[PDB]
Amino acid sequence: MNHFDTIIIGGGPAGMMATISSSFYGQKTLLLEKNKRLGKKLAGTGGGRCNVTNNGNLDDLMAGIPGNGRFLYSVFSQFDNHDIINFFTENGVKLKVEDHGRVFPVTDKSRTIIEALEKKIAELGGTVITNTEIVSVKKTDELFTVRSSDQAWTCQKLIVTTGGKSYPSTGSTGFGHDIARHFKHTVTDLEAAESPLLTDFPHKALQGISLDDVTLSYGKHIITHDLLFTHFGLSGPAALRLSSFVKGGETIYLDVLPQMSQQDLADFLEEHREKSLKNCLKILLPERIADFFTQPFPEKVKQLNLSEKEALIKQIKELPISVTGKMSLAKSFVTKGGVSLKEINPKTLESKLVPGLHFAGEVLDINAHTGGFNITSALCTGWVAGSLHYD
Ligand SMILES: Cc1cc2nc3c(=O)[nH]c(=O)nc-3n(C[C@H](O)[C@H](O)[C@H](O)COP(=O)(O)OP(=O)(O)OC[C@H]3O[C@@H](n4cnc5c(N)ncnc54)[C@H](O)[C@@H]3O)c2cc1C
């Protein structure tokens, strides 16, 4: 029997969640996935630990989804980040919160998240067929026909959850945009968002250092968040966020101690005048950062003259960094752009052009910061798309 009430294409978080709600509402539901495994992209989020959502309040959630977050009022009125947390804990998955509201499985293993979702799908009678690339979708009368190279499936309701365009090696290569265009939907310009930065800097001096809530400035863009020094440049939220405003050739500025004024730092130094400059700074900064700034100066605080102190303080508060480029769309964490939201019903995620056609997840023209916000949108829009609505 190749006929289902609801067919979902793409088994990332949107598709898995859509399969669960579709089954929960009593639809006979089929999830088709290109890869052998579900949630291949999802599994690599949060350094492989799976940043499944964010525990913030409404203000935090909206701030975390700056690419059309407003569209989600109705979705979030039906299923939100607290429902995601509840769902996992109610199915015996223990969750924890880390910095900036980031939620993870306590196990620190993505398979904990993915297996719980599969288990729920099975328990609700959903069917999943993996290792099956869908290559065609068409609608005739009131039936969608979904085809691989090899087989055909039909349904009354189709949900497209095939992702965006970044990290195409995980399986997100744009098929959902093709389906959209086939049904005469507008797909907006697609472009990199949340892109690690390439810099011209001595990377080995600092690589692997993470800094908490430091400030990166370029023009009027001042971003305060965590920063990661990498072998090629900068990553972590502060760099990812600023990457929306730089593309190469710019000088950006780093303030490693945003909570201390230049005067506070001058007082700190005066109160530690008998000390080694590098050692006394360890209470404020990681040792490798203290090494970087203090290397060319005299060893003890009191051995610095006034010029040296002022020079050092300005370096700590305003380090110039030369940005040479940013990762391509393929090498970025999020796709900015997707199916035009004007053509989508925000309450149901149904196409305004073709009845029974739905989109959820990053295939839509919604983009968010890393830290759980894209996964939240995908899970929540998935849930809602899979739900039935009565009136
Ligand atoms: C390295 C990295 C780190 C990230 N970290 C974070 C983070 O910390 N917080 C956060 O919120 N977001 C993060 N993201 C983004 C987040 O992972 C995605 O936005 C989210 O997974 C989108 O979910 P989705 O279900 O819309 O699409 P995806 O998870 O991309 O799933 C789409 C699925 O559709 C399948 N598919 C595509 N075409 C076909 C076809 N023709 N037939 C069958 N199946 C198909 C694909 O194989 C894929 O499994 C990160 C992304 C990357 C790449």
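The first residue of the sequence shown is numbered 1, and numbering continues consecutively from there. All values below come from the heavy atoms of this structure, side chains included, with hydrogens, waters and symmetry mates left out. Counting convention: from 1, in listed order, for ligands and their atoms alike.
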Find out whether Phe359 and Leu349 are in side-chain contact, i.e. whether some heavy atom of one side chain is under 4.5 Å from a heavy atom of the other.
no
Test log, rule side chain to side chain contact (heavy atoms under 4.5 Å, CB included), inputs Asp212 and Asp99
CA-CA 9 Å; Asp212 297 325; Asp99 57 286; over 6 Å; no
Atoms of ligand 1 under 4.0 Å from any heavy atom of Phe333, numbered from 1 in the order shown, are 1 (C), 2 (C), 15 (C), 50 (C), 51 (C), 52 (C)
Find the distance between OG1 (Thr132) and CG (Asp150) and round it off to the nearest 0.5 Å.
8.5 Å
Compute the shortest N/O to N/O distance between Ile134 and ligand 1 and return yes if it is under 3.5 Å, no if not.
yes
Ligand 1 N/O within reach of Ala360 N/O, cut-off under 3.5 Å:
no
With a 4.0 Å cut-off, would you call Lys302 and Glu274 a salt bridge?
yes
One finds that the ligand 1 atoms under 4.0 Å from a non-hydrogen atom of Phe175 are 41 (N)
among protein heavy atoms, the one nearest atom 11 (O) of ligand 1 is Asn374 N, 2.6 Å
Salt-bridge present (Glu287, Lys278; N to O < 4.0 Å):
yes
Give the residue, atom name and distance (to 0.1 Å) of the protein heavy atom nearest atom 14 (N) of ligand 1.
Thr45 CG2, 3.9 Å
Residue, atom and distance of the protein heavy atom nearest atom 29 (O) of ligand 1 read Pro13 CD, 3.2 Å
Hey, can you tell me if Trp383 and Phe79 have their rings parallel, tilted or perpendicular (30° and 60° cut-offs)?
parallel
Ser351 and side-chain hydrogen bond (donor to acceptor under 3.5 Å, both in side chains): which partner among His358, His185, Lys184?
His185
Hey, does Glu362 come in under 3.5 Å of ligand 1, counting only N/O atoms on both sides?
yes
Can you find a pair of side-chain heavy atoms, one from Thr29 and one from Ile8, that are under 4.5 Å apart?
yes
Side-chain ion pair, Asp291 and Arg288, N-O less than 4.0 Å
no
Which atoms of ligand 1 have any heavy atom of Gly361 under 4.0 Å away?
26 (O)
Numbered atoms and elements of ligand 1 in range of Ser172, under 4.0 angstrom, heavy atoms:
30 (O)
Heavy-atom count check: over 12 atoms from other residues, nucleotides or ligands less than 6.0 Å from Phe293 CZ?
yes
For atom 34 (O) of ligand 1, which protein heavy atom lies nearest, and how many Å away is it?
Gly10 CA, 3.1 Å
Identify, for atom 7 (C) of ligand 1, the protein heavy atom at the shortest distance, and state residue, atom and that distance.
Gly371 N, 3.5 Å
Do the non-hydrogen side-chain atoms of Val128 and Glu118 ever get within less than 4.5 Å of each other?
no
Taking 4.0 angstrom as the limit and counting only heavy atoms of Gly163, give me the atoms of ligand 1 inside it, by number and element.
26 (O), 27 (O), 30 (O), 32 (C)
Identity of the nearest option to atom 39 (C) of ligand 1, non-hydrogen atoms only, from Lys34, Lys331, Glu33, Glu194
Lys34
Per-atom contacts of ligand 1 with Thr161, taking only distances under 4.0 Å to non-hydrogen atoms
32 (C), 33 (C), 34 (O)
Tell me the protein heavy atom at minimum distance from atom 37 (C) of ligand 1, and give that distance in Å.
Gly171 O, 3.2 Å
Considering non-hydrogen atoms of the protein only, which is the closest contact for atom 31 (O) of ligand 1, and what is the distance?
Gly12 CA, 3.4 Å
To check your reading of the model: name the closest protein heavy atom to atom 10 (C) of ligand 1, its residue, and the distance in Å.
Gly372 N, 3.5 Å
Taking the side chain as every heavy atom from C-beta outward, state whether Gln156 and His3 have any atom pair closer than 4.5 Å.
yes
Using modelled atom types only, decide if a donor and an acceptor are shared between the side chain of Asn367 and the backbone of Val334 within a distance under 3.5 Å.
no
Among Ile179, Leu158, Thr154, which one satisfies side chain to side chain contact (heavy atoms under 4.5 Å, CB included) with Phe144?
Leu158
Distance filter under 4.0 Å to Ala14 heavy atoms, resulting ligand 1 atoms
25 (O)
For ligand 1, which atoms have a heavy atom of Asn35 less than 4.0 angstrom away?
47 (O), 49 (O)
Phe373, any N or O under 3.5 Å of ligand 1 N or O
yes
Which donor-acceptor pairs under 3.5 Å do the side chains of residues 198-205 make with protein atoms, sequence neighbours left out?
| residue | atom | partner | partner atom | Å |
| --- | --- | --- | --- | --- |
| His203 | NE2 | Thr199 | O | 3.1 |
| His203 | NE2 | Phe201 | O | 3.3 |

Heavy atom under 4.0 Å from ligand 1: found in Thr132's side chain, backbone, both, or neither?
backbone
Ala378, portion touching ligand 1 at heavy-atom distance under 4.0 Å
side chain
Give yes if a backbone or side-chain nitrogen or oxygen of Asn51 is under 3.5 Å from a nitrogen or oxygen of ligand 1, and no if not.
yes
Structural part of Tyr167 in contact with ligand 1, heavy atom criterion under 4.0 angstrom
side chain
